[PDB]
Protein chains: 14
Amino acid sequence: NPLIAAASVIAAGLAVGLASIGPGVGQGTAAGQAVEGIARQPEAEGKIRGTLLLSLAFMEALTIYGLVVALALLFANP
Amino acid sequence: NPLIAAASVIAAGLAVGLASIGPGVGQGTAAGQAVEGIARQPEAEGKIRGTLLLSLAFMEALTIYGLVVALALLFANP
Amino acid sequence: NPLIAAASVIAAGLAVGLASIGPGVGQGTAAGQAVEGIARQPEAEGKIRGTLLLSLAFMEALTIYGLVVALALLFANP
Amino acid sequence: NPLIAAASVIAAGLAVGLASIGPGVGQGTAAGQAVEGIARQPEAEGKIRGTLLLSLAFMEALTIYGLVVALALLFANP
Amino acid sequence: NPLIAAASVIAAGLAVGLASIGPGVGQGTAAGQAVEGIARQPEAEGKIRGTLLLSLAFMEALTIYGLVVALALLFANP
Amino acid sequence: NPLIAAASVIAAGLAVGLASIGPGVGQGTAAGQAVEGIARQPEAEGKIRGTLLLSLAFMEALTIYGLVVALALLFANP
Amino acid sequence: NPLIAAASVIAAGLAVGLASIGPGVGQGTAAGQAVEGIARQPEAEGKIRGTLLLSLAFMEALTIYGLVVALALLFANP
Amino acid sequence: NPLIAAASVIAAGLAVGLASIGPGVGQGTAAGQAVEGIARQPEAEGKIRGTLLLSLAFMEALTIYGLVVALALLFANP
Amino acid sequence: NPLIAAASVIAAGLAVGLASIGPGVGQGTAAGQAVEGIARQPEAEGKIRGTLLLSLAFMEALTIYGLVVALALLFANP
Amino acid sequence: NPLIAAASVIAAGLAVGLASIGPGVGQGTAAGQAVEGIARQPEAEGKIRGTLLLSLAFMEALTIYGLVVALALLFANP
Amino acid sequence: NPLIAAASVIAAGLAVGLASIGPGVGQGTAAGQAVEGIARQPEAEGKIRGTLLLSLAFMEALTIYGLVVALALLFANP
Amino acid sequence: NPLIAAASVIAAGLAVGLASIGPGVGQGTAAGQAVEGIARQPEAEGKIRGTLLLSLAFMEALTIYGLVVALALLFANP
Amino acid sequence: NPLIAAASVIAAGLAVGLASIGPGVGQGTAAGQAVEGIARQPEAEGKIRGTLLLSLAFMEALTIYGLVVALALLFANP
Amino acid sequence: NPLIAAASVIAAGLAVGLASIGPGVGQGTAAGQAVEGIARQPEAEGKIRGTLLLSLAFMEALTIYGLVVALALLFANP
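The record names X-ray crystallography as the way this model was obtained, at a resolution of 3.80 Å.

Taking the PDB entry as the reference, chain A is identified by name as ATP SYNTHASE C CHAIN, CHLOROPLASTIC belonging to Spinacia oleracea. In the PDB, the structure is listed with the title "Structure of the c14-rotor ring of the proton translocating chloroplast ATP synthase". Chain A has a UniProt comment under Subcellular location that states "Plastid, Chloroplast thylakoid membrane". Database annotation for chain A, UniProt heading Sequence similarities: "Belongs to the ATPase C chain family."

Considering the overall build of chain A
Looking only at helices and strands, chain A features 3 helices and 0 strands. The order of α-helices and β-strands along chain A, N terminus first, is α-α-α. At 18 Å, chain A has a C-alpha radius of gyration far larger than the 12 Å of a compact globule built from 78 residues.

Topic: the arrangement of the chains
No interface is formed between chain C and chain E, the nearest pair of C-alpha atoms being 9 Å apart. You won't find any contact between chain J and chain K; their C-alpha atoms come no closer than 19 Å.

Remarks on the interface of chain M and chain K
Contacts between the two partners involve 42 residues from chain M, matched on the other side by 39 residues from chain K. Counting residues per element, the ones that place at least two in the side of chain M that touches chain K are α1 (2-14), α2 (21-40) and α3 (49-74) of chain M. Ranked by residue count, the leading element in the side of chain M that touches chain K is α2 of chain M, at 12 residues. When the residues that make up the side of chain M that touches chain K are grouped by side-chain class, the tally is 25 nonpolar, 15 polar and 2 charged.

A short note on the relation of the copies chain I and chain A
Superposing chain I onto chain A requires a rotation of 26° together with a translation of 0.1 Å along the rotation axis, leaving an RMSD of 0.0 Å. Mapped onto chain A, only 19% of the interface residues of chain I again fall at the interface, so the copies present different surfaces.

Here we look at the packing of helix α1 (residues 4-14) of chain A against helix α1 (residues 4-14) of chain I
Across the interface, α1 of chain A lies against α1 of chain I with an axial gap of 8 Å and an inter-helix angle of 0°. In terms of orientation, α1 of chain A lies roughly parallel with respect to α1 of chain I. Touching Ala6, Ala7, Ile10, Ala11 and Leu14 of chain A of α1 of chain A are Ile4, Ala5, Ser8, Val9, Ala12 and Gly13 of chain I, all from α1 of chain I. Of the residues assigned to the contact of α1 of chain A with α1 of chain I, the class counts are 9 nonpolar, 2 polar and no charged.

A word on the interface of chain I and chain A
Accessible area lost upon the coming together of the parts is a frequently used measure of interface size. At the junction of the two partners, chain I supplies 42 residues and chain A supplies 37 residues. Listed by contribution, the elements that provide at least two residues to the side of chain I that touches chain A are α1, α2 (21-40) and α3 (49-74) of chain I. Tallying contributions element by element places α2 of chain I first for the side of chain I that touches chain A, with 12 residues. For the side of chain I that touches chain A, the per-class residue count stands at 25 nonpolar, 15 polar and 2 charged.

A closer look at α3 of chain M
Between its first and last C-alpha, α3 of chain M extends 36 Å over 26 residues, near the 38 Å set by a 1.5 Å rise per residue. Maximal helix bending in α3 of chain M amounts to about 30°, located at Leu62 of chain M.

Structural notes on the UniProt feature "transmembrane region" in chain A
All names here are of chain A. UniProt records the feature "transmembrane region" for residues 2-22 and 56-76 in the present numbering. Secondary structure within residues 2-22 divides into 62% helix and 0% strand; the distance between the first and last C-alpha atoms comes to 32 Å. For the annotated span residues 56-76, helix accounts for 90% and strand for 0% of the residues, and the straight-line distance between the end C-alpha atoms is 28 Å.

Some details on the packing of helix α2 (residues 21-40) of chain A against α2 of chain I
Where α2 of chain A contacts α2 of chain I, the axes come no closer than 6 Å and their chain directions differ by 5°. Overall, the two elements α2 of chain A and α2 of chain I adopt an arrangement that is roughly parallel. In contact with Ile21, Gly24, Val25, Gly28, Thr29, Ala31, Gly32, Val35, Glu36, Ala39 and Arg40 of chain A of α2 of chain A, α2 of chain I contributes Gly22, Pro23, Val25, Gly26, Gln27, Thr29, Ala30, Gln33, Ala34, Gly37, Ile38 and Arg40 of chain I. Here the contact of α2 of chain A with α2 of chain I is built from residues that sort into 10 nonpolar, 10 polar and 3 charged.

Regarding the environment of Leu74 of chain N
On the secondary structure map, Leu74 of chain N appears in helix α3 (residues 49-74). Along the chain, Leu74 of chain N and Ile10 of chain N lie 64 residues apart, while their C-alpha atoms are 6.8 Å from each other.

Observations regarding the side chain of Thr63 of chain G
Position of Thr63 of chain G relative to the elements: it lies in helix α3 (residues 49-74). For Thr63 of chain G, the side chain forms a polar contact with the main-chain oxygen of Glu60 of chain G, separated by 2.9 Å. Not counting residues within four places of it along the chain, the set of residues in contact with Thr63 of chain G comprises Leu62 and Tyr65 of chain F together with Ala19 and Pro23 of chain G.

Quick notes on the environment of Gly28 of chain D
Assignment of secondary structure puts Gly28 of chain D in helix α2 (residues 21-40). Those residues in contact with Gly28 of chain D, other than ones at most four positions away along the chain, are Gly26, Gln27, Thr29 and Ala30 of chain C together with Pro23 of chain D.

Parameters at a glance
Residues numbered from 1 in each chain as written, not as in the entry; some residues may be left out. Chains lettered and ligands numbered in written order. Heavy atoms only, no water. Residues with missing side-chain atoms left out of burial classes, pairs and counts. UniProt positions renumbered as here; feature names shortened; annotations may be inferred. Helix = DSSP H or I, 4+ residues; strand = E, 2+ residues; numbered from the N terminus. Rg over C-alpha atoms; globule rule 2.2 N^0.38 Å. Contact = heavy atoms within 4.5 Å. Nonpolar A, V, L, I, M, F, W, Y, C, P; charged D, E, K, R; others polar. Least-squares fit on C-alpha atoms. Axes fitted to C-alpha atoms, helices over the stretch in contact; angles between N-to-C directions. Parallel < 35°, antiparallel > 145°, perpendicular 65-115°, else oblique. Expected span 1.5 Å × (residues − 1). Bend = angle between axes of the 7 residues up to and from the residue. Polar contact = N/O pair within 3.5 Å; in protein donor to acceptor, adjacent residues only side chain to side chain.

So, in structure tokens, the structure goes:
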């Protein structure tokens, strides 16, 4: 049990570096697709960011979901 | 059992960092495809976001579905 | 059995964070492809959403199918 | 047997959250490719949806095929 | 045998939720590529659908092939 | 043997839901690429289908090849 | 041996539903790329098909290669 | 040995349905990219095929390489 | 336990070099899509970077999340 | 040894049907990209092929490298 | 333990050559997308690099994160 | 040892049919991208090939690297 | 231990040929995207390379990171 | 040990035919993207190659890194 449930929480813990994969790709496109847009009409800048950030927010949200459960299995393990 | 059903809930728990993958890619496109659109016609801004957010909502919905069952297996385990 | 059928339902349970993958990618495109469309002709807005949402509905449907069977194996397990 | 055939139906059960993958991606494109089309010629709206939905129907069909066999192995198991 | 051949049919059973993958992606493009086409020339509508459906038919065909063998291994198992 | 060669034919059986993958993607493109073509020049319709179907035929062919060997291992097993 | 070489031929048998993958994708593009071409210049039709079919032939060829060795391991097993 | 080297040749045999994958995708593009080309300038037809076939030849070549070694391990096994 | 929970934390530790994957791809696009944009209108430079960096920030954020839990399992292990 | 080194050479033998993958995709593009080029300027034909073939040569080269070592492990095994 | 926790740190160690994957792809695009941009307006050069490098910095950052934990598990192992 | 180190060299040997994958895709593009270029300006032919071949050279180089170590492990095994 | 920690360092050692993957793809695009750019405006050459090389530098950097830890585990093993 | 550390170096040895993958794809694009560029402006030839080769150099570099450690584990094994 402390042999397994220990080592387990560990293995299973870090198998929440998948929370990087999905978003990592995503948000990075949003950023990319915004930075060019701004390049075109720079007086529209901000009107861009406001969403980028808005979006960029909860790309990063569902990675922390893991980082939460990553540490909640590690240092909050039951 | 506490050897297995423990370690199990753990492993199986974090194998809900797949909830990051799908959406992570998606919403990030929506954001991207909106930020450029706004770049083009900035008086159409909002008329954009209203959907982005609408959409951006339930991209993030079906990642929490896991985060729910992630923790429901962890701290609500039966 | 409670060793296996337990740990089993668990592992098998969270292997319904695949319900995130497919849709996650999809709907997010729909959203994306709509938000730009609206950017172009904003008086056509809504005439867009009406479908986005329509669609956006049952992208999210077949992820819950799992979330259903995710919890139905977990807290309804037979 | 109840050790195996049990845990089995379970594992095998949730490995029908693949029914999300394929369609999830698909229908979501259909939606996407329709919402833009409508953006262009909004008096052609409906003439679009009629198919979207038509299609959107049996994307969702072959996901339930699993959800059927997902629950038919679970609560109808032989 | 009933230990194996049972659990077997089960595992092997649900590993016909791959019948979702291929088609899921496909038909959904057909749909998508038709809905836009109709957007362009709406008096050509139908002349489109007639094939969509035609095609849309036997995308869904080779998913049921599995659903058939899915249940044929399950409730018709030899 | 009936432990193995049984369970075997089963596992191996359903691992012919790969016959869905390849084609599923393909034909669905053919359909898609035809439906648009017809959208453009509708008096060329049929001159399209004649091939679509021609093609659409033996996309579906090499999926049944499996469905054949799917059931030939199952109910014709040697 | 009949335990193994049996079950073996079976497993190894159906692992020739990969013959679907490669071609499945391919030919379906050929079909697709022809059907559009014909859409453009319909008096060039046939001059198209003649190759499509020509090609479409031995896409389907190297899938049967397996179906051959699929059944040759099954009902011709040595 | 006849337990292993037998079952072996079998497994290893059918793991030459990978010869389908690569080519299956390829040739099918060649075909596709030729059929459209001919669509454009039909008096250049043949001047196309001559290569298609030329190419189409030894796409199919390196699939048989396997089919050769597929059967050479099966019915020529040492 | 120190056999398992040790080796475990190790394996599981480095399986947080997935934190590189997602972002690695992403941010690198943002950068890319900005650098071109700037190429076009260089007096809009900065108005670009301000976001790039903004974004580029928390692409790198959800990789350190791991690097944190990478070292927190390693040198903070419980 | 003849149990292992036999079955081994076999398994390892056919795991040189990967020589199909890489090239299979490649050359098939070269062919494809040439056939269209010729479509455009047919008096440049040959001036194309000369390279196609040149290339098409040693795409097929590094597949046989395997076929060589495929049979060199099989019928030349040490 | 020194059997496991040793070998472990090793295996787990080099499974931080994934830190190459993500970035490897990324930064290389940024570079690529900048080099072309500069090709277009060479008096905007530098105004490009300043970001390239900026970005190119912390693509390489989150690969070293591993190289750090790569060696920190190796020669700093606890 | 001769049980293992034998079978090993074998397995490990043929797992250098990956030397096909990478290049296989690559060079084939070079070829493809040259053959079209030549199609456009045929008096520039050769000025093309000179590089194609140059390149085409050491795509094929790093596949033989394996073929070298493929046979060096096989018939030069230590 | 010398059984494991040896073989380990070996296996784990060569699983730092992933340092090839990421970059391999990348830098090669940078190169590609620069070589074309120079094709367009050749008096801007160098102004290109200066970055290519700059970039091309630390694509190759994070592959050696491994080659370092590749040999550091091999001939510097602790 | 000579059972393991032997067979190990072998297996691990050839798992440095991944050094083919990354680059194989890459350089081949550089080549491709240069050969076309030269097609366009042939008096800019060389000004191209100089970089191609420059680049083409150290695509091939980080494949030999393996070939080095490929043989360094094989015939320099410690």
